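Student: Need coordinates for the below:
(one chain, ligands or ions: 2)
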Amino acid sequence: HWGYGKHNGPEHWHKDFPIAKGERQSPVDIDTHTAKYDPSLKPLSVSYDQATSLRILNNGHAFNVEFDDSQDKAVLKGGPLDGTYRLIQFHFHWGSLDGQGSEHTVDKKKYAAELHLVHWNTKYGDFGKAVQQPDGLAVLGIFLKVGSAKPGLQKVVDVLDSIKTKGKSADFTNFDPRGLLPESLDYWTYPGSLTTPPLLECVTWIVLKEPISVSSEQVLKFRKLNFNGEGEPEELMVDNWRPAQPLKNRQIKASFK
Ligand SMILES: NC(=O)[C@H](CCC(=O)O)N1C(=O)c2cccc(NCCOCCOCCNC(=O)c3ccc(S(N)(=O)=O)cc3)c2C1=O
Ligand SMILES: [Zn+2]
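Tutor: Numbering: from 1, shown residues only. Ligands and ions are numbered 1, 2, ... in the order given. The protein structure is shown below:
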């Protein structure tokens with residue numbers, strides 16, 4: 001099916017997912033000079049104090065940390081959002097080298113990886129309804145650069161050896177996603193899509209200005225994962241990122257001068 005290699009990668013996706021060539025696809029390059037300060041943005045609220053993590057899983061494309069989204073235990077509101085968005089999962093995209101891996105870019109600069117905290121609009125009842133709406137999803141994106149270790153990421157790193165191959169999952173309760181956030185909540189925002197098939201144009205993207213730092217050992221553990229399942233030819237899970245897409249009729253708004 002779809003992947004990131006020469007023969008099933010981003011360049012091929014449009015054949016099964018024609019929205020791949022749509023009007024509001026993600027990720028994009030963030031041109032800091034032409035994004036516009038928007039004073040009408042409300043202050044962003046990331047309320048993760050009751051977040052209830054469940055599980056960590058390797059799905060053959062990335063690894064997901066899934067959350068109990070049956071109540072408003074961990075929500076995003078404010079900023080460009082009108083309504084309450086519930087955290088359902090987070091995951092990363094990363095590269096084979098420290099100079100690539102992020103999906104969004106900033107003035108064409110690529111980061112070593114990118115964290116995506118996925119939320120869905122509670123006004124639509126469940127995630128599946130949300131992915132049928134133009135404002136059903138909000139994804140908070142955070143850049144990763146290589147440097148000092150991120151303490152809050154280490155638990156994730158520790159468990160990766162139990163989900164090496166596609167289809168493996170392990171219990172992952174009591175993880176606090178706040179440990180993954182940079183100091184500043186300054187952000188750029190724009191309307192776009194899922195960066196993976198089915199590439200649905202559902203997403204209010206909120207990309208933080210400040211990257212977090214991770215150690216080379218942490219990202220290296222990322223790179224030791226497998227795209228394949230046990231017993232299949234080993235293919236290291238690296239460079240699982242879609243390149244920047246045309247902005248088309250979209251303006252990036254910024255929360256900061
Ligand atoms: N815990 C689960 O079981 C997942 C949580 C969602 C997730 O796991 O993500 N789950 C539900 O609970 C649920 C309930 C009802 C229907 C339903 N849909 C089944 C198929 O419907 C098509 C939509 O599915 C797409 C899956 N892809 C993504 O969601 C995704 C998110 C962010 C990015 S990104 N790189 O842009 O940030 C890329 C992809 C689901 C569903 O899938
Ligand atoms: Zn993602």
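Student: Tell me the spacing between the residue nearest to residue 47 when sequence neighbours are not counted and ligand 1.
Tutor: Using C-beta to C-beta, 6 or more residues apart in numbering and skipping residues adjacent in sequence, the residue nearest residue 47 is residue 75, 5.1 Å away. C-beta: built from backbone N, CA, C; applies to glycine. According to C-beta to the nearest ligand atom, to the nearest Å, residue 75 and ligand 1 sit 16 Å apart.
Student: which residues touch residue 75?
Tutor: 45, 47, 84, 85, 86, 87, 119, 122 (C-beta atoms under 8 Å, 6 or more residues apart in numbering).
Student: mind listing which of those are in helices?
Tutor: Among the contacts of residue 75, no member falls in helices (criterion: DSSP state H).
Student: so of those, which ones are in strands?
Tutor: Counting by DSSP state E, the part of those found in strands is 45, 47, 85, 86, 87, 119.
Student: Just after the helix or strand hosting residue 89, pick out the following helix or strand.
Tutor: In this structure, residue 89 is located in strand 85-94 according to DSSP states H and E. Note on strand 85-94: by DSSP H and E, the next helix or strand toward the C-terminus is strand 105-106.
Student: Name the residue of the stretch 1-150 of the chain that lies nearest to ligand 1.
Tutor: Closest approach between the stretch 1-150 of the chain and ligand 1, counting by C-beta to the nearest ligand atom: residue 128, at 2.6 Å.
Student: Doesn't that residue lie inside a helix?
Tutor: Yes: assessed by DSSP: H, G, I helix; E, B strand; the rest coil, residue 128 belongs to a helix.
Student: Using just helix, strand and coil, how would you label the spatially most distant residue from the centre of the chain?
Tutor: In the chain, the residue that sits farthest from the middle, by C-alpha atoms, centre = their mean, is residue 231; the gap is 28.7 Å. At residue 231 the chain is in coil, as set by three-state DSSP.
Student: measure it to ligand 1 for me?
Tutor: 25 Å.
Student: Would you list the phi and psi of that residue?
Tutor: Here is the backbone geometry of residue 231 (degrees, to the nearest 10): phi 90, psi -10.
Student: Among the contacts of residue 75, which one is most surrounded by other residues?
Tutor: Per-residue neighbour counts (other C-beta atoms under 10 Å) across the contacts of residue 75 peak at residue 119, which has 30 neighbours.
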